[PDB]
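What follows is a single structure, written as structure tokens, with notes after it.
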There are 4 protein chains.
Amino acid sequence: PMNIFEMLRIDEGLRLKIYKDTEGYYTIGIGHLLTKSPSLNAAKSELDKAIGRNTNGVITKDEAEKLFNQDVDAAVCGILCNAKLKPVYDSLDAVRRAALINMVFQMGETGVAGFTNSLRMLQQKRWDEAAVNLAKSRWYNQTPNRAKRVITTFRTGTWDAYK
Amino acid sequence: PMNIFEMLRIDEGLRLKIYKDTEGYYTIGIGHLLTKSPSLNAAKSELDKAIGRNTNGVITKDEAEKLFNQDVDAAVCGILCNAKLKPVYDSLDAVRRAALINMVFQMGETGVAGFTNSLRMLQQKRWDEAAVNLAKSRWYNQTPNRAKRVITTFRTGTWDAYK
Amino acid sequence: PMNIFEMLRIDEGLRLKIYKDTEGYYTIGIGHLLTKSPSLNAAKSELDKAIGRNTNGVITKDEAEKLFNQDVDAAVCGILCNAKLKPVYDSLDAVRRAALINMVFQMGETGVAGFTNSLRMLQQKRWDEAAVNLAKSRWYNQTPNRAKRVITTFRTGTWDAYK
Amino acid sequence: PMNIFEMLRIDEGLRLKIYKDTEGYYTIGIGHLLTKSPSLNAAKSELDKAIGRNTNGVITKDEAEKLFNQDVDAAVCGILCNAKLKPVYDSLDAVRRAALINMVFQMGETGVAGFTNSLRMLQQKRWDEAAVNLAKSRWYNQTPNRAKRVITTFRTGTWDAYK
Ligand SMILES: [Cl-]
Ligand SMILES: [Cl-]
Ligand SMILES: [Cl-]
Ligand SMILES: [Cl-]
Ligand SMILES: [Cl-]
Ligand SMILES: [Cl-]
Ligand SMILES: [Cl-]
Ligand SMILES: [Cl-]
Ligand SMILES: [Cl-]
Ligand SMILES: [Cl-]
Ligand SMILES: [Cl-]
Ligand SMILES: [Cl-]
């Protein structure tokens, strides 16, 4: 069964033990940054406070899903407080909303808000035109496999790229 | 006279004509991203809507200061909605608040929120300990001149690094 | 089947035609305020913009549910940006979260944030103690049938008061 | 010297000792709600945490101004996250911004957002038309002395109603 958790599990991974992300920072779950502190103990302290348990740096899938939903809520709130993103989000169906949230997980609300032409196209239901435009971007060149899946989601409005 | 506008003018520059930032994106003023679209016309369209004027891609200092204050307000609001940043911000004086906002301009609220040990030190008024810790960071290594000025601001609570 | 839509339908009503709320303001759906303007035309204009349709002041249940979900998202975001509400919300299960959101629909985030002792009790899983305290409140005296249902939801963690 | 602190001091009062507001709730400073709990001890506990001092329920003017600025920042952030208020606020000068913030202190962001016709008039710089419309409102009838001062501020763009 496909949904936003399974989508972001594919795109960001689901890691139950603390690990270093691509910038060297302690992370867990679905891309959840614990701390920029170089101390593994600091990361474990942040994790234990968040989870309410002495984790030893290892969480369960259900705990990861709790952190993930916290992060989804934060993404949605950033979207709703952003004048470029809110009207697009308001106009989108659940699957395309998941694609927009996916972009926020990757680059943050301000980063997604920068796609001014493509966002306008999405609001206007010009799915393929938006997709063709997004595929020309620096975002796409940097992470083309993920971007292609997210763009297919905008084009089709289905989970087909994740099946 | 030193203040947050003059501080960020030194750290991010004050550019009255549209230019490409370090990621190649059209920007103006004090680090204000206009669009990620590769179209200069798109950037000019965003700018003209924001300013209320047909700018030709060139703004006045006062217009730049208006955009800057919009960006400061956005930074402060992100700080106030972040559980790691809000209590620190609430506890800081104006000058150290400017240093925290400066970090948000550079890396965003979620990025600054990652400095969990240093933030705790700031909340506890352990200025030098926070400064020594921040100077060990990847942030510092990447942009050491700016980081050193911001860290001096946290250590001293003065504008001395910008004089 | 019980859920937050059905809960708030019982507590705030589901009205498909524009009506005046208890303060005389044009409202529709599940307590969704359209405008404080005394003009029915103004209310219809706001509604038509929100729905994307020439409604004549009458919406479908599905349209009402869309507006309702917009309002739920706004409530959750206000909760997450409030230092008194966020840690309680983070700690609660889905059913008790619905009770907290219900209070936000009624009185707003700042209003719910005022229940400082009861909120602490909820965070500590002291359900009955929180419920006994809330039943002593001015909120309860003003709207005792709704408050009793919401308080039962906090006490029991079930939808029993709505069945 | 007139400014937003002095404006709201006139409209909401400046009270250095805990008092009950018009709804019976413990309040201090410039309309700052401490708690809805009927316990004066609870109110004193909230106050002491906010101030960092054992206050005995009495604060200094400077402490009141700190709480006031926290409340101004919260109002501005609510304005900036509201699709009806943000574009108006972005377009207004400092004095008229103070009038909008004043309304948020009184009735909250969602309450001010309800003035859909008057807000449009303000965005269009139709000051007198907005003022004439606001004076017809339930808000005005309920609190006519305050509303008249705030409306004069919108009409004139000066502090004249507070001199
Ligand atoms: Cl759609
Ligand atoms: Cl774009
Ligand atoms: Cl990739
Ligand atoms: Cl300080
Ligand atoms: Cl740190
Ligand atoms: Cl540098
Ligand atoms: Cl629970
Ligand atoms: Cl309480
Ligand atoms: Cl009732
Ligand atoms: Cl103006
Ligand atoms: Cl109005
Ligand atoms: Cl009055």
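Numbering starts at 1 and runs along the chain as displayed.
Yeah, the Cβs are placed from backbone N, Cα and C, and that goes for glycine too.
In Swiss-Prot, the substrate site is described by B:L33, B:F105, B:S118, and among B:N54, B:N133 the residue recorded at this site is B:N133. Look at B:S118 (substrate binding site): DSSP puts it in a helix. A straight line from the CA of B:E12 (active site, proton donor/acceptor) to the CA of B:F105 (substrate binding site) spans 9 Å. By a Cβ separation below 8 angstroms, chain A lies close to these of the recorded positions B:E12, B:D21, B:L33, B:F105: B:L33.
Counting in whole angstrom, B:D21 (active site, proton donor/acceptor) lies 14 from B:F105 (substrate binding site) by their C-alpha atoms. Its Cβ taken as reference, B:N133 (substrate binding site) is surrounded by 21 other Cβ atoms within 10 Å in the chains shown. The DSSP secondary structure for B:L33 (substrate binding site) is strand.
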